[PDB]
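J.: Pasting an experimental structure with its sequence.
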Amino acid sequence: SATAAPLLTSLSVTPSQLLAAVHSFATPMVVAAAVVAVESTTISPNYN
């Protein structure tokens, strides 16, 4: 239960498992790097 969750280990009582073994996702996820762009450049005093 939500009420008893932060006390199980503090009271030294073993939480009860439900599944036989942990469930892993079917397919792995490919994470590519974020894209970074130099979008603008400015000159503080400029002729043009």
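T.: The structure has been received and is ready for your questions. Residues are numbered from 1 along each chain as shown.
J.: and residue 9, what is it in contact with?
T.: Contacts for residue 9 (CB atoms under 8 Å, 6 or more residues apart in numbering) come out as residue 15. In short, each C-beta sits where N, CA and C put it, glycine included.
J.: SS state for it?
T.: Under the three-state scheme (DSSP: H, G, I helix; E, B strand; the rest coil), residue 9 adopts coil.
J.: Could you report the distance from residue 9 to residue 29?
T.: Look at residue 9 and residue 29: by CB to CB, to the nearest Å, they are 31 Å apart.
J.: and what of residue 21?
T.: Computed as CB to CB, the residue 21 to residue 29 distance reads 21 Å.
J.: In space, not sequence, find me the middle residue of this protein.
T.: In the chain, the residue lying closest to the centroid (CA atoms, centre = their mean) is residue 31, at 12.6 Å.
J.: give me phi/psi at it?
T.: phi -110, psi 120 (degrees, to the nearest 10).
J.: tell me the secondary structure for residue 44?
T.: Residue 44 ends up coil, using three-state DSSP.
J.: do the same with residue 6
T.: Recorded secondary structure, residue 6: helix (three-state DSSP).
J.: Count the neighbours of it for me.
T.: 8 (other CB atoms under 10 Å).
J.: when you give positions from now on, start the count at 156
T.: I'll keep to 156 as the first residue from here, and by that count the last item is residue 161.
J.: What ranges does this structure have for its helices?
T.: Counting by DSSP state H, one finds no helices in the chain.
J.: Now do the strands in it.
T.: For the chain, strands defined by DSSP state E do not occur.
J.: wait, what's in contact with residue 201?
T.: Residue 201 sits in contact with no residue, where contact means CB under 8 Å, 6+ apart.
J.: measure it to residue 188 for me?
T.: Distance of residue 201 to residue 188, given as CB to CB: 34 Å.
J.: same question, residue 171
T.: Counting by CB to CB, the gap from residue 171 to residue 188 is 42 Å.
J.: now residue 176
T.: With CB to CB as the criterion, residue 176 and residue 188 are 33 Å apart.
J.: Over to residue 200?
T.: 36 Å.
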